[PDB]
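Every read-out reported here was derived from the displayed coordinates using simple, explicitly stated rules and does not represent laboratory data. Cβ sites come from the backbone with ideal geometry, for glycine too, and all protein chains shown count toward neighbours.
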Amino acid sequence: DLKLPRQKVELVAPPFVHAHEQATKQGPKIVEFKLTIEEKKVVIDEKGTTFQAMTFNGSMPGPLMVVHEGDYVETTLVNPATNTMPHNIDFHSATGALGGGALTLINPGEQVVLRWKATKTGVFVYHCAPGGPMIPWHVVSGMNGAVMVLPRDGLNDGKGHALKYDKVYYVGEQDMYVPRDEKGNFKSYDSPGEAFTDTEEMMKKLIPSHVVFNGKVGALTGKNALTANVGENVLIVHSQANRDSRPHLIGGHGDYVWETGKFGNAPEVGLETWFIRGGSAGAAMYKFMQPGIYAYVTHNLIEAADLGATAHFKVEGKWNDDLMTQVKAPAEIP
Amino acid sequence: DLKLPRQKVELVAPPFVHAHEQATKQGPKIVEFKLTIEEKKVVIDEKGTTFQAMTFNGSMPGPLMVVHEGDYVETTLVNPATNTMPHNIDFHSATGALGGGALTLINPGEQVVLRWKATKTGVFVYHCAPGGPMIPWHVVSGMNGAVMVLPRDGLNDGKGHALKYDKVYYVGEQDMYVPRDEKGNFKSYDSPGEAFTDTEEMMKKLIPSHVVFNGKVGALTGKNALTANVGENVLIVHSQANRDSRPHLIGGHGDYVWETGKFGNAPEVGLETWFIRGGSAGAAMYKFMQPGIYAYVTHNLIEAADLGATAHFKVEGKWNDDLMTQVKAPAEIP
Amino acid sequence: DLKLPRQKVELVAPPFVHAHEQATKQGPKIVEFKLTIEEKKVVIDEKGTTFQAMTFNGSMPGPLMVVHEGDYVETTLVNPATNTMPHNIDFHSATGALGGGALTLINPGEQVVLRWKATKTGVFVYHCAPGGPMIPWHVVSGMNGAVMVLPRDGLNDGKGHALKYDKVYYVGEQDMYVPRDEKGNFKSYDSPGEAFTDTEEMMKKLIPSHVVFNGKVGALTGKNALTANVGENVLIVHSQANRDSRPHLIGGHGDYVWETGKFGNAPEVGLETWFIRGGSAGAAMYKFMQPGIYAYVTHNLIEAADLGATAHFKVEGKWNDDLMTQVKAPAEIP
Ligand SMILES: OC[C@H]1O[C@@](CO)(O[C@H]2O[C@H](CO)[C@@H](O)[C@H](O)[C@H]2O)[C@@H](O)[C@@H]1O
Ligand SMILES: OC[C@H]1O[C@@](CO)(O[C@H]2O[C@H](CO)[C@@H](O)[C@H](O)[C@H]2O)[C@@H](O)[C@@H]1O
Ligand SMILES: OC[C@H]1O[C@@](CO)(O[C@H]2O[C@H](CO)[C@@H](O)[C@H](O)[C@H]2O)[C@@H](O)[C@@H]1O
Ligand SMILES: O=N[O-]
Ligand SMILES: O=N[O-]
Ligand SMILES: O=N[O-]
Ligand SMILES: [Cu+2]
Ligand SMILES: [Cu+2]
Ligand SMILES: [Cu+2]
Ligand SMILES: [Cu+2]
Ligand SMILES: [Cu+2]
Ligand SMILES: [Cu+2]
């Protein structure tokens, strides 16, 4: 029935985002994406703790999909026979059938093709949701990502002015529940199925062992720090499919923030810390003013420093002594 | 002193809401309500776990009271001699005397009549609050509900347009703290008083055993699913008197959301997930576009699927293939 | 370089706030503050539990600093040799160098002078952040306060009208993690260093033993209740540097609330309960209408009544029977 142009997208792994237009002169298209599910044992911390992950496209989070209002998003979801469990996909951006979940349940060896019309603007979670107790389990095992539905005119500040980002990053935050043995050491398991009973018991107590960005402690640091230059406006999309978070850019601000993540609402301005409700994505833009290292955290600092939820930015440019200066370096008290 | 017309309301059990006008041509009235406290042992899950509940009018939540701005709400609170504890009522909608609590403490065998002027619009929690450590205990035992204070012109979108709902439901969410024995089984108690010491010990650790809507796992499912038709605008009032929640309609959206719950503020539009602060009520309206089953959850999915916090809607009407379609059903991967 | 007038401020202990102008005709100044760090063992509850606190200026929270937009805030941070640990300061109001943290690390015996330009309006957290796991530890040991950056025209309601407070209070909320021995009694330690291992173990489990205002259970009660008169507009700044909170004035409202705390955004109106994201300050103003006692709580009532997070207001003036009246005092049920 649907006679619109088709456009394929090559997804890229987080924190990066596939190339896209903000404002566009294109009309509605059918935008084609493929997600291939991978169950895999991964390392989640610098001590070598392992984790039975379940992923879209091999990553935690799943990749960010970007379209415009009124596009149709046509996703081929693939569950190779090398996996063990059924899986599906629920898009919080979509209308009907439990977000798509009720139309996309696939066993290992199967694939399905779902299309949904992007009638709601903003950033949105997508996640697996097979049914019943498997819903939380698949999500906290890593099976969640996000989609961004941009207005065709790009972003605005609510107050007729355009808001154009120079780059966008996607920070997916994951609460993880790794049980401990009697000794006190994290357990390892041979399969997701084998991990389930201990992992569910822990899940129901509502305290994660790890809270990470991009799948691992320290993922968005070192060589893989986020980057910017003084003068660049950076959009940071943050999602959390199961649990609240409170993002904060240490040494910066949220110049324009959509903490509930939906572009039909004006952004708030000049925030210190914002709030991502579990089950949502939000977005914050900041124009960097100072060079150096920044930390991007959830501002439960226990979670940030001790459980894994810290990213860095390395920013190049000229220091601004008007905005901040060390008037007197550390010295003995007179 | 107060020479206004009197109108009696027949309260109805949640999730339903007593009949009322949205926009009205009536002026201020004294609106009369009666709440009769019932302490009772109830079943809270499908395994037969019991719970020492304390209720207004026999239900968890207490019933939704609906009035208009500038009405006077005159409540007869009754504590029959068949109860064991003193009780009172605090309305977050009311001004003075700890919300009414300091004027309504009644022993078993007593009743009291409180009137308050509805000067604040929105949805608001009401709850018992006897004093000291009894405050949390009575609330988490079930002694909380909500009141809705509508503008006389009905609801609006902030942007001069009216927002009329076709039906309203009240979802009261309850965090419950049921201790376990050494075996690991939930305990049962012969009285609220007997439950108190174990229950307080658990409460202070801040992790509920159950998180339920309408008093029980599965209460708002099966025969008792919420209902709608495609085309109907449904208002969903959600309250949580003690603990945060993050509502989400799976397969839908919040078209217009007052997450802080107060009609003097414009609603936000197009939300995926919203946030009910513990100690508050909020409200979301959605116009259904697709038939079928929806789940209405808190989007801590552990809480939703594993601890009790899932409701269903069953929606009738015609499927819209433009909004969503299964392009290719599950098939073997080529 | 910077040729502006200098003004010294004499800080005062919370909940009070040093004298300041709301609207001002002054232009930018260099506003001088001194903070002297004190590590000390303190009592945190009415049972005599002790706690290894780390403070700015001897108090939990640290004192509220008040300036205007475009001022330069020049802080002399002093770490006397009588302390044991290095410390620094991070201002969420400031731009660059991890909020100042990367320019203010001082060993015992040292001081440093940092200046930052107040380019963002609102209330903001400041806290110590030495590095790594020490960050959460120093914060939850008490090393956090707030700064308020007022517009030069004072506050407004977003809707061209001025919002002038008659008084302001600063409520700093502190999550504390005091371990227990095998007996079940809270432990005491001889130094912060000695407390660290047990305290970190507890911290990572994310459940505080105490949640207090102004450093201690009951601090803002009795002789030290907050006060007001009927007719007075009171601004209540609330901060939480590590963990969410949900403030509520029992028997009142938030007439004008900036829950995210930033004056570039209009306030919300008529709230029952608001939300302070961990890592932030927010503010609420209320004009008292009724005399008597009010409780100001976080509306996790377990935290409020059982873990320490309750303040009182004692309000003088004439009772308003129009707003609320006890129509019939407690009596036997007919
Ligand atoms: O930023 C969204 C916010 O801005 C307003 C104007 O105050 O509308 C702008 O954004 C709409 C969505 O992109 C545009 O359709 C509109 O033309 C533009 O003025 C608000 O209505 C909206 O909530
Ligand atoms: O929806 C409330 C929001 O809308 C505004 C207009 O932007 O005011 C509308 O709602 C008021 C409350 O019902 C009415 O009194 C007013 O006449 C109407 O325009 C905002 O002022 C308000 O925050
Ligand atoms: O309260 C802030 C809110 O109000 C608006 C007007 O709707 O702007 C007022 O506040 C600004 C900041 O103080 C002033 O510069 C402006 O002149 C005044 O109208 C909004 O723009 C702002 O979000
Ligand atoms: O701003 N530092 O957590
Ligand atoms: O949208 N599903 O949790
Ligand atoms: O309003 N009382 O918690
Ligand atoms: Cu899955
Ligand atoms: Cu979901
Ligand atoms: Cu009671
Ligand atoms: Cu209350
Ligand atoms: Cu310190
Ligand atoms: Cu910080």
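Here are some notes:
Residue-by-condition table, conditions (1) out of contact with any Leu (no Cβ under 6 Å at 6 or more places or on another chain); (2) away from ligand 6 (no atom under 16 Å from the Cβ); (3) not hydroxyl-bearing (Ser, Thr, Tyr):
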residue: C:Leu103; (1), (2), (3): no, yes, yes
residue: C:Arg115; (1), (2), (3): yes, yes, yes
residue: C:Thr121; (1), (2), (3): yes, yes, no
residue: C:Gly158; (1), (2), (3): yes, yes, yes
residue: C:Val178; (1), (2), (3): yes, yes, yes
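- Residue match in region B:4-14 (condition: loosely packed, with under 13 Cβ neighbours inside 10 Å and within 20 Å of the chain's Cα centre (by Cα)): yes
- Some residue of region B:13-24 being more than 9 Å from chain C (Cβ to nearest Cβ), closer than 25 Å to B:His238 by Cβ, within 16 Å of ligand 9 (Cβ to nearest atom) and touching a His at 6+ places or on another chain (Cβ under 8 Å): no
- Pairs meeting the criteria (first residue in region A:121-142 and closer than 17 Å to A:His210 by Cβ and more than 7 Å from chain B (Cβ to nearest Cβ), second residue within 10 Å of ligand 8 (Cβ to nearest atom) and part of a loop (DSSP other than H, G, I, E, B), beta carbons under 9 Å, at least 6 apart or on different chains) are A:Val140/A:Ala241; A:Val140/A:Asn242; A:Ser141/A:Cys128.
- Among (1) away from ligand 1 (no atom under 16 Å from the Cβ); (2) on the phi < 0 side of the Ramachandran plot; (3) surrounded by 24 or more Cβ atoms within 10 Å (Cβ to Cβ), the one test that A:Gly251 misses: (2)
- In summary, A:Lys318 fulfils each of the numbered conditions (1) within 13 Å of chain B (Cβ to nearest Cβ); (2) closer than 23 Å to C:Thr119 by Cβ; (3) part of a loop (DSSP other than H, G, I, E, B) with the single exception of condition (1).
- Across region C:143-172, the qualifying residues are those that are within 30 Å of C:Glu201 (Cβ to Cβ) and touching a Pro at 6+ places or on another chain (Cβ under 8 Å), and the one among them that is farthest from ligand 9 (Cβ to nearest atom) is C:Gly145.
- Some residue of region C:144-153 being crowded, with 24+ Cβ neighbours inside 10 Å and either within 7 Å of chain A (Cβ to nearest Cβ) or within 16 Å of ligand 5 (Cβ to nearest atom) (or both): no
- The set of residues in region A:135-153 being more than 13 Å from the chain's Cα centre (by Cα) and part of a strand (DSSP E or B) consists of A:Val149, A:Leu150, A:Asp153.
- Residue match in region B:303-310 (condition: hydrophobic (A, V, I, L, M, F, W, C), assigned to a loop (DSSP other than H, G, I, E, B), more than 8 Å from chain A (Cβ to nearest Cβ) and within 16 Å of ligand 8 (Cβ to nearest atom)): yes
- The sole residue among C:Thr84, C:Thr50, C:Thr75 that is farther than 22 Å from C:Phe124 by Cβ and touching a helix residue (DSSP H, G or I) at 6+ places or on another chain (Cβ under 9 Å) is C:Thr84.
- Candidates C:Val211, C:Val171, filtered to the one that is crowded, with 16+ Cβ neighbours inside 10 Å and in contact with a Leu (Cβ under 6 Å, 6 or more places away or on another chain): C:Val211
Okay, residues lined up against (1) of a type outside the set (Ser, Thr, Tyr); (2) surrounded by fewer than 16 Cβ atoms within 10 Å (Cβ to Cβ):
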residue	(1), (2)
A:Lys25	yes, yes
A:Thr36	no, no
A:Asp45	yes, no
A:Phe56	yes, no
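- Checked against (1) of a type in the set (A, V, I, L, M); (2) within 13 Å of ligand 10 (Cβ to nearest atom); (3) at the interface with another protein chain (Cβ under 7 Å from one of its Cβ atoms), B:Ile89 passes all but condition (3).
- Among strands (runs of 3 or more DSSP E) entirely within region A:205-293, having at least 2 residues that are away from chain B (no Cβ under 14 Å) and more than 16 Å from ligand 3 (Cβ to nearest atom) singles out A:210-213, A:226-229, A:233-240, A:247-250, A:280-287.
- From the list B:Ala162, B:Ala129, B:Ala146, the one residue that fits, being in contact with a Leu (Cβ under 9 Å, 6 or more places away or on another chain) and under 23 Å from B:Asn300 (Cβ atoms), is B:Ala146.
- Those residues of region C:106-120 which are outside any strand (DSSP E or B) and either within 7 Å of another protein chain (Cβ to nearest Cβ) or closer than 14 Å to C:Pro28 by Cβ (or both), in sequence order: C:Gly109, C:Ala118, C:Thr119, C:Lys120
- Scanning region C:274-324 for residues that are among the polar types (S, T, N, Q) and either farther than 30 Å from C:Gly99 by Cβ or within 14 Å of ligand 10 (Cβ to nearest atom) (or both) yields C:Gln290, C:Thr298, C:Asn300, C:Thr310, C:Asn320.
- Checked across region B:176-197, the condition of being part of a helix (DSSP H, G or I), buried (at least 22 other Cβ atoms within 10 Å of the Cβ) and away from ligand 8 (no atom under 16 Å from the Cβ) holds for at least one residue.
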